[PDB]
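Just below is one structure, and these are the notes that go with it.
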Amino acid sequence: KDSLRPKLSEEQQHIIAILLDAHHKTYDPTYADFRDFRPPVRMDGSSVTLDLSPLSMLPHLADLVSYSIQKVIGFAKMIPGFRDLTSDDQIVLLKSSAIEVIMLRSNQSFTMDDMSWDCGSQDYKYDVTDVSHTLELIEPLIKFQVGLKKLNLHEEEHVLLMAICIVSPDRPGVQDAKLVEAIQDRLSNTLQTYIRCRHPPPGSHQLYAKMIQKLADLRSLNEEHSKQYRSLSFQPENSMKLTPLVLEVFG
Amino acid sequence: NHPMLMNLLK
Ligand SMILES: C=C1/C(=C\C=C2/CCC[C@]3(C)[C@@H]([C@H](C)C[C@H]4C[C@@](C)(O)C(=O)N4CCCCc4ccccc4)CC[C@@H]23)C[C@@H](O)C[C@@H]1O
């Protein structure tokens with residue numbers, strides 16, 4: 001009867017320690033690798049005036065996305081249970097969730113002071129103008145980042161949401177949905193038990209239901225990103241500007 | 001037909 005008091009188990013504490021560590025090894029908050037990307041271009045080369053080419057940011061953002069896909073894969077491989085899956089199910093899970101985990105994890109650099117993704121310098125501060133008929137995606141995306149930022153997630157909750165996103169048993173092409181669902185159940189119970197035992201009120205009120213709604217919001221952004229991407233990648237001049245990994249994963 | 005993504009999971 002006192003056995004019903006929620007307590008974070010030892011396995012649940014290992015899952016959190018692993019996901020925290022996996023995210024610390026795959027997300028560099030100093031953004032030092034961004035210097036390896038093709039440079040961002042916002043000003044005209046002739047650099048006190050803006051560049052008017054609407055794809056001038058494409059080389060830079062394509063390299064940023066491609067790099068982030070690599071980090072998402074590195075993080076997913078450390079999700080407890082992800083490696084028990086067949087290589088086909090892993091590929092299906094990453095192909096489906098890659099752009100959603102990227103948008104989740106970007107919230108670390110998103111700031112509500114000016115509604116931009118700020119990665120340590122003005123070279124790597126991205127606002128709406130950079131990401132710019134892409135407003136069909138960007139306005140929802142920003143509304144999403146604001147809503148997520150306002151949840152004020154602990155880092156423990158943040159990595160758990162990323163792992164729950166990747167291991168979704170309802171993704172198209174999943175073969176062994178029972179195994180995927182069992183892996184996600186272990187993560188869901190960890191997060192729910194974490195909030196109840198570690199997240200103080202009032203911020204913890206209805207927090208788990210709100211987080212699951214962000215997973216629901218991401219599906220809609222995924223579809224929206226899919227439409228933009230297929231129209232962009234169709235023009236060979238624009239797909240020349242992509243990377244092989246992005247073409248394989250998003251194609 | 002996902003050789004790079006497959007290589008990254010190894
Ligand atoms: C990715 C991250 C970060 C930010 C993510 C951002 C901010 C910048 C814009 C990002 C990368 C979005 C991309 C641009 C989506 C882009 C990337 C791409 C090619 O996959 C696509 O189809 N997109 C939407 C279509 C836009 C076409 C277009 C591109 C450039 C210029 C004009 C038109 C998706 C996530 C956003 C920063 C840091 O937190 C690391 C993190 O991993």
Side-chain angles (χ1 to χ4, degrees), chain A residues 15 18-19 22-23 26-27 65-107 136-137 140-141 144-145 147-148 153 157-177 179-192 208-226 228-233 242 244-251, chain B residues 1-9:
Chain A
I15 294 165
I18 282 148
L19 294 170
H23 172 240
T26 50
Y27 190 106
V65 165
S66 190
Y67 173 84
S68 299
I69 294 174
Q70 282 173 263
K71 298 307 182 174
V72 165
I73 302 159
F75 162 93
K77 303 206 310 182
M78 301 305 303
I79 298 172
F82 188 85
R83 294 278 235 154
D84 304 337
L85 303 169
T86 70
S87 100
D88 280 19
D89 272 346
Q90 301 180 23
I91 286 164
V92 158
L93 292 188
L94 284 166
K95 184 177 232 269
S96 210
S97 76
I99 189 65
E100 302 181 12
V101 177
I102 291 171
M103 305 195 295
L104 271 175
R105 83 205 295 273
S106 78
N107 194 81
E136 294 207 309
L137 180 69
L141 174 56
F144 170 86
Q145 299 277 157
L148 181 58
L153 292 188
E157 299 157 346
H158 181 246
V159 302
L160 268 163
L161 193 66
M162 287 187 300
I164 290 166
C165 184
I166 291 140
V167 189
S168 278
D170 66 320
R171 306 276 188 183
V174 171
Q175 179 264 131
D176 188 345
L179 176 51
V180 176
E181 170 175 64
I183 299 153
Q184 192 190 232
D185 287 346
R186 183 156 50 123
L187 297 166
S188 271
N189 291 134
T190 303
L191 169 69
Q192 291 180 77
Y208 176 74
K210 275 124 97 163
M211 298 178 69
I212 302 298
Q213 181 61 36
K214 298 292 167 294
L215 292 181
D217 288 341
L218 280 171
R219 300 311 178 79
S220 152
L221 292 164
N222 195 336
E223 291 171 328
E224 186 53 54
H225 169 263
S226 147
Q228 301 271 39
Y229 173 88
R230 275 191 309 266
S231 93
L232 165 79
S233 71
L242 271 41
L245 185 55
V246 170
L247 281 159
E248 168 174 308
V249 167
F250 289 157
Chain B
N1 51 5
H2 296 100
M4 295 171 207
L5 184 48
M6 177 87 264
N7 174 71
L8 292 166
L9 290 167

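Hydrogens, waters and symmetry mates play no part in the numbers below; they use all other heavy atoms, side chains included. Note on naming: letters A, B, ... go to the chains in the order of the sequence lines (proteins, then strands), and numbering restarts at 1 for each one.
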- Where do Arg186(A) and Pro80(A) come nearest, in terms of heavy atoms and distance? NH2-O, 3.4 Å

- Side-chain contact test, heavy atoms from C-beta onward, threshold under 4.5 Å: evaluate it for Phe75(A) versus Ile166(A) and give yes or no. yes

- Item | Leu187(A) side chain near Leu160(A) side chain, heavy-atom distance below 4.5 Å | yes

- Task: Compare every heavy atom of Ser96(A) with every heavy atom of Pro172(A), then report the nearest pair and how far apart it is.
- Result: CD-OG, 4.1 Å

- Given side chains that start at C-beta, do those of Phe82(A) and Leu94(A) come closer than 4.5 Å, heavy atoms only? yes

- Item | Partners passing side-chain hydrogen bond (donor to acceptor under 3.5 Å, both in side chains) against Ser106(A) (at least two apart in sequence or in another chain) | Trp117(A), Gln145(A)

- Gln175(A) side, atom CD; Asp88(A) side, atom CG - distance, nearest 0.5 Å: 8.0 Å

- Message: Using only atom types and a distance under 3.5 Å, with no angle test, would you say the side chain of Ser231(A) pairs donor to acceptor with the backbone of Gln228(A)?
- Response: yes

- Item | From CG (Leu161(A)) to CG (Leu104(A)), nearest 0.5 Å | 5.0 Å

- Message: Let me confirm one number: the CD-CG distance from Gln184(A) to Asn189(A), rounded to the nearest 0.5 Å.
- Response: 10.5 Å

- Check whether the side chains of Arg230(A) and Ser226(A) place a donor and an acceptor atom closer than 3.5 Å, and report yes or no. yes

- Message: Going by side-chain hydrogen bond (donor to acceptor under 3.5 Å, both in side chains), name the residues that satisfy it together with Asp170(A), two or more places apart in sequence or in a different chain.
- Response: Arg219(A)

- Note on the structure: Correct closest heavy-atom pair for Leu245(A) and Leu5(B) would be CD1-N, 4.4 Å

- Message: With a 3.5 Å distance limit and no angle check, can you tell me whether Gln90(A) reaches the backbone of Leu85(A) through a side-chain donor-acceptor pair?
- Response: yes

- Might you point out which heavy atoms bring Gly173(A) and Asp89(A) nearest each other, and give the distance in Å? O-OD1, 4.1 Å

- Message: In the structure I gave you, are the side-chain heavy atoms of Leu218(A) and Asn222(A) within less than 4.5 Å of one another anywhere?
- Response: no

- Given side chains that start at C-beta, do those of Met78(A) and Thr26(A) come closer than 4.5 Å, heavy atoms only? no

- Query: Is there a side-chain contact between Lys214(A) and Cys165(A) (heavy atoms, below 4.5 Å)?
  - Reply: no

- Item | Test log, rule side-chain contact (heavy atoms from CB on, under 4.5 Å), inputs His225(A) and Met103(A) | CA-CA 11 Å; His225(A) 169 263; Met103(A) 305 195 295; 5.7 Å; no

- Query: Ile69(A) and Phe250(A): which non-hydrogen atoms are nearest, and at how many Å?
  - Reply: CD1-CZ, 3.9 Å

- Message: Show, in sequence, the C-alpha distance, side-chain angles and deciding distance for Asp176(A) and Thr86(A), and conclude whether the side-chain contact (heavy atoms from CB on, under 4.5 Å) test is met.
- Response: CA-CA 8 Å; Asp176(A) 188 345; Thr86(A) 70; 5.9 Å; no

- Side chain to side chain, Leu221(A) and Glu100(A), heavy atoms closer than 4.5 Å: no

- Task: For residues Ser188(A) and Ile164(A), determine if any side-chain heavy atom of one lies less than 4.5 Å from a side-chain heavy atom of the other.
- Result: yes

- Task: Step by step, work out the side-chain contact (heavy atoms from CB on, under 4.5 Å) result for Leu242(A) and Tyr229(A).
- Result: CA-CA 11 Å; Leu242(A) 271 41; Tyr229(A) 173 88; 3.8 Å; yes

- Nearest heavy atoms of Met6(B) and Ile91(A), plus distance in Å: SD-CD1, 3.6 Å

- Spacing of OG belonging to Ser97(A) relative to CG belonging to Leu215(A), to within rounding of 0.5 Å: 10.5 Å

- How long is the span from the CD atom in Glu248(A) to the CG atom in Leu8(B), to the nearest 0.5 Å? 8.5 Å

- Message: As an exercise, state the distance from CE of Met162(A) to NE2 of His23(A), rounded to the nearest 0.5 Å.
- Response: 4.5 Å

